[PDB]
file run-v4.csv (CSV, C-alpha atoms)
chain,number,residue,atom,x,y,z
A,1,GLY,CA,16.4,-0.3,-0.3
A,2,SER,CA,16.3,-3.7,-2.1
A,3,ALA,CA,12.6,-3.0,-2.3
A,4,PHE,CA,10.7,0.3,-2.6
A,5,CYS,CA,7.0,0.7,-1.8
A,6,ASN,CA,4.9,3.3,-3.8
A,7,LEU,CA,1.9,4.7,-1.9
A,8,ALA,CA,-0.1,5.5,-5.1
A,9,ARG,CA,0.5,1.9,-6.4
A,10,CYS,CA,-0.2,0.4,-2.9
A,11,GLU,CA,-3.4,2.5,-2.7
A,12,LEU,CA,-4.5,1.2,-6.2
A,13,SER,CA,-3.6,-2.4,-5.0
A,14,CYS,CA,-5.4,-2.2,-1.6
A,15,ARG,CA,-8.4,-0.6,-3.5
A,16,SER,CA,-8.6,-4.0,-5.4
A,17,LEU,CA,-9.4,-5.8,-2.0
A,18,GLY,CA,-11.6,-3.0,-0.6
A,19,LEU,CA,-9.3,-1.2,1.9
A,20,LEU,CA,-6.6,1.6,2.3
A,21,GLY,CA,-2.9,1.4,1.3
A,22,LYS,CA,0.2,2.5,3.4
A,23,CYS,CA,4.0,1.8,3.1
A,24,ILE,CA,5.7,0.1,6.1
A,25,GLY,CA,9.4,-1.0,6.1
A,26,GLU,CA,9.6,-0.1,2.3
A,27,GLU,CA,6.8,-2.7,1.6
A,28,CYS,CA,3.1,-2.3,0.8
A,29,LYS,CA,0.7,-3.0,3.7
A,30,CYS,CA,-3.1,-2.5,3.6
A,31,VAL,CA,-5.2,-1.1,6.5
A,32,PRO,CA,-8.9,-0.7,7.5
A,33,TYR,CA,-9.2,3.0,6.7
call {"tool": "encode", "arguments": {"input": "run-v4.csv", "output": "structure tokens"}}
result
Amino acid sequence: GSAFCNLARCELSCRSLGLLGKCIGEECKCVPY
């Protein structure tokens, strides 16, 4: 919509904090595997 999450880019971003990436509501949100 006005934003668009990318799972590959969210996965590479959540990898920088030590956890898994997912998209929720067209935003990036990280999760504990």
call {"tool": "residues_around", "arguments": {"input": "run-v4.csv", "residues": "residue 3 of chain A", "least_positions_apart": "2", "cutoff": "12 Å", "atoms": "only C-alpha atoms", "output": "list in words"}}
result
residues 1, 5, 6, 23, 24, 25, 26, 27 and 28 of chain A
call {"tool": "closest_residue", "arguments": {"input": "run-v4.csv", "among": "A:7, A:19, A:13, A:2", "to": "residue 31 of chain A", "atoms": "all atoms listed in the file"}}
result
A:19
call {"tool": "residues_around", "arguments": {"input": "run-v4.csv", "residues": "residue 33 of chain A", "least_positions_apart": "5", "cutoff": "10 Å", "atoms": "only C-alpha atoms", "output": "list in words"}}
result
residues 18, 19, 20, 21 and 22 of chain A
call {"tool": "write_last_selection", "arguments": {"input": "run-v4.csv", "atoms": "C-alpha atoms", "output": "PDB file, in the coordinates of the input"}}
result
ATOM      1  CA  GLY A  18     -11.600  -3.000  -0.600  1.00  0.00           C
ATOM      2  CA  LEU A  19      -9.300  -1.200   1.900  1.00  0.00           C
ATOM      3  CA  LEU A  20      -6.600   1.600   2.300  1.00  0.00           C
ATOM      4  CA  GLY A  21      -2.900   1.400   1.300  1.00  0.00           C
ATOM      5  CA  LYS A  22       0.200   2.500   3.400  1.00  0.00           C
TER       6      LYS A  22
END
